[PDB]
Amino acid sequence: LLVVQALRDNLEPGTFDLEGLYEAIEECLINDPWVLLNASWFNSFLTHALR
Amino acid sequence: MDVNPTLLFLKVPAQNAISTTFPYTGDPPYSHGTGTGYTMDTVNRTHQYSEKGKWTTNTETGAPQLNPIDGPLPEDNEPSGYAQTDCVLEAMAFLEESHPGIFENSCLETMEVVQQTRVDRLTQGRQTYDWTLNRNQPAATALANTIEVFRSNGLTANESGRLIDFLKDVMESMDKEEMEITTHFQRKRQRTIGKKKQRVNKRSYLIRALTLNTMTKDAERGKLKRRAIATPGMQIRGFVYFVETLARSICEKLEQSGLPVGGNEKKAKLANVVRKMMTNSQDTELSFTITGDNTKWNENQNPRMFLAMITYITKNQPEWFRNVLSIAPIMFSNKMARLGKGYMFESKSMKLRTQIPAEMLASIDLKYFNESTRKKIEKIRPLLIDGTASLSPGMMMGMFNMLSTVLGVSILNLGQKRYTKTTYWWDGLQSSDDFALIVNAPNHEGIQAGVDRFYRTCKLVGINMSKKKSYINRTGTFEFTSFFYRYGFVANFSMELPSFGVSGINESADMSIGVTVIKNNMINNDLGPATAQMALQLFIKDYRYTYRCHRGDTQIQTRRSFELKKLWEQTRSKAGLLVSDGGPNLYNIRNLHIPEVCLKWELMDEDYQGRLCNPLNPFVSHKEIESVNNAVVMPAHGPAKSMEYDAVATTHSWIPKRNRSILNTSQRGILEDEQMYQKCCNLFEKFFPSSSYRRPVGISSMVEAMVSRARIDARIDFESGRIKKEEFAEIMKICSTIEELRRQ
Amino acid sequence: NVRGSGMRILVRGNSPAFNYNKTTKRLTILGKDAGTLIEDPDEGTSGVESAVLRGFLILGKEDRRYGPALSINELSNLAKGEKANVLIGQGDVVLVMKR
Amino acid sequence: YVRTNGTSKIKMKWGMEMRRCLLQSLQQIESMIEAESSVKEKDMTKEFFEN
RNA sequence: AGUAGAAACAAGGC
RNA sequence: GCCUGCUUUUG
């Protein structure tokens, strides 16, 4: 969320290992409805942001 | 329409709404059983990231110790504990070069502290692992048992009352063949409670003095998986006290540190530093900020580098100072680790369960365990000595954070543009396992080169950066220890959310703390006035339901809904009663800074006023000035801090009861010792009233001073005052019998 | 001057002291909001910036034809109609033209 | 609807004090209001909630 | 069964 | 029948 905000603020953001961050997020999505719903919401946010 | 709160971040920035991203209204994760597995994981990890070093066997413990210092250089971006001495010392040298006189002055201050301080300073702190019992006990209990065994053996220098003499004693105790200790038991059929002597050979005493206890950390916010932590003993405590004193003194003089400052001091320093950087930076220069965490920070950092640092900072000082600061990194380079509770086993067919202690993992068949645990034990079995694993190549969580910050600032000081010898440069802010770097250069190529050089200069010392959790943007926005800076620091308010309920101390204290956190959050955070009124209302509901103190004009049946109604009907002025006695709430924003007794003192009835505020009440207990109006509270993302609350001593200022489980254990005889000591000390405060305000001083037995003062007060009070002749003769007779009992 | 320290406000572009977000249109001084800013229809969206240099315009981005990047304090050498490159701002090269 | 379920002391303790949630939400709301009241030097609760 | 989730509870100790 | 309901929690 914060690196996306840095992109919207036009601050030239960068990373060193992004797939590690994704693999760390996806490590926690197992079986809880509420968390999976938050993740779905985050994907919708990335779709409507990042434009 | 399907609802999505995250879309709110499409209009409001993420820092001005970051409070939404903190789920601190729910229960936090807890551990349930043993922590042996996480201990094994940490041991095998820090032996993995330092594996190309050389092995040795200590002559004193017999333990296999891995030395990675001045080992090979890394070839990939994986973690490494291969530190180089020459580069550490070059870092320290250039640090002193840029900030001269820092080590001299810090050493002088610490020399004064070393010479003056006392053993009682070890009584105040956190729990402590007691080798006498092979578990954790409070600090003063551990100190007392250690002193008892020392005096039982022959080491008696601590009678001087200084700390350094106690350290001389613990050093002299290692050169003894057979130490002796005493252990508690109890037997019931009749509850017999006694003691028994046992012996400890020299190597056993060494492994017990060098070992640390381990346990799993509950109530962690922000992690899917649980972590292990360590607790050090009594013998490694004074040395590390002096070492952290030195490190504090140094880090105070550095504009980059963040560890010795808390609260708004921290944010102020951070902001001043950022402004200073952006002023020294040029206008044609491009500027970037890395928000960074370090990975495996406490496993790579080696005590031998700390010994190098110490010997460079004590350069040209007296050898006693150099030798009393050199002992902590030694003892943390030959350290061990208790594995823990063990494991538990299950049989479904026979319907039974069992426990397995950690002191048989070397002598147990591995059929029972699953694959991960089998591998763990298979790797660790070489390092086992008497139920504790050798662990040389790294620290543990929560120790030497100050000196580690000193090393971090040493690396940050290598970006001064007279040490890079180029046109890029860098600076930043450091706390233990977190940092903010700021890099300046005229192009993006210089930015990449500075980032690369920072990474490599930090890998030459054993400082690894987490690429998975770090990111670089332009200057203006960053994150540091859950402080979100966006052209200025920003309020969050969800870190402070579990502090808005009943604290669980007593009625008066919980009331005062409850109103005080509201006005604090009004000052420091951005809690508005209406929301604060609502917070009052909700706090008072929780207060009333917890403590069973409803308005008195209500029909809510509780166990004390009858006494409160009788009090209600006796009372004429009902706005003068306390919420704990069934009265209204007269609080608002105007008057959040006033206690509950002074707020309503002209509204009270005189009989109620005199009953409530009475010194003869049996409910109040004040013991020492450092514990009068001061309570331990447990925030989110921090250690248990101490909060000062303004209150008046009333009959509501009660203490609650104790755990009472220890009655069923072998160590039941600690209660009797506690009880007897408390009898004696209470009587001493009867004779000497100042003993609870000012520390006494003396060498005589307590009874001697007591009977002496009795005689003196008797004489002075008979001469001109109250005491007649009969009392005088009788109490002098009692003094005489006390002498006949003590001297024979 | 703020507490004896010279806070520098950059002519060209944003700063930590003065930043206008182009997304939510808020202006921000020193970390404090200072009003939403409105969209004038006559806003020249032509890439030209006539109010950064004294006697020079800014035609756009750099081009490698007119030579290396001159600096701010060495521009009096130029003359009428002499385009050139200049490095200014946070390490950004641009093309400029005298009047 | 019939079920077997279970709970712990700490889960009960934290569900015994859910009213704190009311603060969280409301705090953020007031922040937004205040962020405009500083800009337009007047209270803005009425405008937001009515208009 | 169920809670839960890298190890435990589903009472424990003498 | 007796006893217990946090006896080991980094900074």
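Reading the values: the criteria
Residues numbered from 1 in each chain as written, not as in the entry; some residues may be left out. Chains lettered and ligands numbered in written order. Part of a larger assembly, values for the part shown. Heavy atoms only, no water. Helix = DSSP H or I, 4+ residues; strand = E, 2+ residues; numbered from the N terminus. Contact = heavy atoms within 4.5 Å. Buried area = accessible area lost by both parts, 1.4 Å probe. Salt bridge = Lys/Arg side-chain N within 4 Å of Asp/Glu carboxyl O. Polar contact = N/O pair within 3.5 Å; in protein donor to acceptor, adjacent residues only side chain to side chain. Nonpolar A, V, L, I, M, F, W, Y, C, P; charged D, E, K, R; others polar. Buried < 20%, exposed > 50% of the residue type's maximum accessible area, 1.4 Å probe, protein only. Pairing = 2+ DSSP bridges. Axes fitted to C-alpha atoms, helices over the stretch in contact; angles between N-to-C directions. Patch = residues over 30% accessible without salt bridge, like charges linked within 9 Å, V, L, I, M, F, W, Y side chains within 5 Å. Areas by Shrake-Rupley, 256 points an atom, 1.4 Å probe, with all protein chains shown as cover. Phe/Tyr/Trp six-rings, centres within 6.5 Å; stacked < 30°, edge-to-face > 60°. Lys NZ or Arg CZ within 6 Å of the ring centre and 35° of its normal. Expected span 1.5 Å × (residues − 1). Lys, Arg positive; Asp, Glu negative; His and termini not counted.

Its PDB header names cryo-EM as the technique used to obtain the model and reports a resolution of 3.01 Å.

**Some thoughts on the side chain of B:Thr183**
Looking at where B:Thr183 falls in the secondary structure, it is placed in strand 5 (residues 178–184). For B:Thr183, the contacting residues outside a window of four places in its chain are B:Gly194, B:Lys195, B:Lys196 and B:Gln198.

**Concerning the interface of chain B and chain A**
Often the size quoted for an interface is simply the accessible area lost on bringing the parts together. Facing the 30 residues of chain B at the interface are 21 residues of chain A. Taken over both partners, the interface formed by chain B and chain A buries close to 2,300 Å², and the fraction arising from carbon and sulfur atoms is 68%. The interface formed by chain B and chain A holds two salt bridges in total. For B:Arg486, the salt bridge is made with A:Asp9, and the minimal N-O distance between the two is 3.7 Å. For the pair chain B and chain A, the number of links is eight residue pairs in polar contact. Listed by contribution, the elements that provide at least two residues to the side of chain B that touches chain A are strand 9 (286–292), helix 15 (444–459), strand 16 (471–474) and strand 18 (483–486) of chain B. Take the side of chain B that touches chain A: its biggest share by element is four residues, from strand 16 of chain B. Class assignment for the residues of the side of chain B that touches chain A results in 17 nonpolar, eight polar and five charged.

**Here's the deal with the pairing of strand 15 (residues 434–441) of chain B**
Side-chain positions along a regular strand alternate between the two faces of the sheet. All names here are of chain B. Most of strand 15 sits out of view: eight of its eight residues are buried. Taking every second residue as pointing to the same face, both faces of strand 15 are buried, with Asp434, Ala436, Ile438 and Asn440 on one and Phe435, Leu437, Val439 and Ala441 on the other. Sheet topology places strand 9 next to strand 15; seven bridges connect them, and they run antiparallel. If you follow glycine 292 over to strand 15, its bridge partner there is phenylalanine 435. One ladder, built from seven bridges, connects strand 14 (residues 425–431) with strand 15; its direction is antiparallel. Bridging from a neighbouring strand, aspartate 427 pairs with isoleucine 438 of strand 15. Hairpin connection, strand 14 to strand 15: the antiparallel pair is bridged by two residues, and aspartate 433 has positive phi, about 75°.

**Quick notes on the arrangement of the chains**
Here the protein chains form five pairs of chains in contact, of which the pair with the most contacts is chains A and B. Regarding chain A and chain D, which are not in contact, the minimum distance between any of their C-alpha atoms is 16 Å.

**Side note on the sheet that holds strand 4 (residues 56–61) of chain C**
All names here are of chain C. Spatially, the three strands line up as an open sheet ordered 4-6-5, and their pairing is antiparallel. The sheet is open, and its two edges are formed by strand 4 and strand 5 (84–88), each paired on a single side. Between one strand and the next, the sheet's axes are offset by a mean angle of 45°, whatever the strand orientation. Examined bridge by bridge, strand 5 and strand 6 (residues 92–98) share five bridges and lie antiparallel to one another. Bridging from a neighbouring strand, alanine 84 pairs with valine 96 of strand 6.

**What to know about a nonpolar patch on the surface**
Residue and element names in this part refer to chain A. Taken together, the side chains of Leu18, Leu21, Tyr22, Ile25, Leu29, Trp34, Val35, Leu36 and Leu37 present a nonpolar region at the surface, about 770 Å² in accessible area. When contributions to the nonpolar patch are tallied by element, the ones reaching two or more residues are helix 2 (18–25) and helix 3 (33–48). As for its placement among the helices and strands, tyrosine 22 is situated in helix 2.

**So, the packing of aromatic side chains**
Tallied over the entire structure, the rule returns 27 aromatic pairs over all chains. Ring geometry for B:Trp426 against B:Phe454: centres 6.0 Å apart, planes inclined by 80°, an arrangement best described as edge-to-face. Here B:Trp426 is found in strand 14, whereas its partner B:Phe454 is found in helix 15, with 28 residues between them in sequence. As far as the burial class goes, B:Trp426 and B:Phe454 line up, both buried. Aromatic ring contacts, followed pair by pair, group B:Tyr343, B:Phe345, B:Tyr368 and B:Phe369 into a single cluster. Over the ring of D:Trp14 we find D:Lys13, and its NZ or CZ is 4.5 Å from the ring centre. Across from the ring centre of D:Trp14, 5.9 Å away, lies the NZ or CZ of D:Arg20, which sits over that ring.

**Some details on helix 1 (residues 36–48) of chain B**
With 13 residues, helix 1 of chain B should cover 18 Å at 1.5 Å per step; its first-to-last C-alpha distance of 18 Å lies within 8% of that length. B:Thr36, B:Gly37, B:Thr39, B:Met40, B:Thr42, B:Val43, B:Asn44, B:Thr46 and B:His47 are the residues of helix 1 of chain B that are buried.

**Observations regarding the side chain of B:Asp581**
Residues and elements named next belong to chain B. Assignment of secondary structure puts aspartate 581 in the loop between helix 18 (563–570) and helix 19 (606–612). Nearest to the buried, unbridged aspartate 581 among oppositely charged side chains is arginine 560, at 5.9 Å. In this structure, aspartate 581 is in contact with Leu564, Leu567, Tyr608, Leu612 and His652, ignoring residues within four places of it in sequence.

**Looking at the pattern of salt bridges**
All names here are of chain B. For the structure on display, the rule yields 31 salt bridges over all chains. A salt bridge links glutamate 507 to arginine 560, with the shortest nitrogen-to-oxygen separation between them at 2.9 Å. Taken together, the residues span a long stretch of sequence, with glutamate 507 in helix 16 (residues 507–523) and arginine 560 in the loop between helix 17 (529–547) and helix 18 at a distance of 53 residues. You can call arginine 560 partly exposed: its relative accessible area is 28%. Each of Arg162, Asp165 and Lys168 takes part in a single network of salt bridges with overlapping partners.

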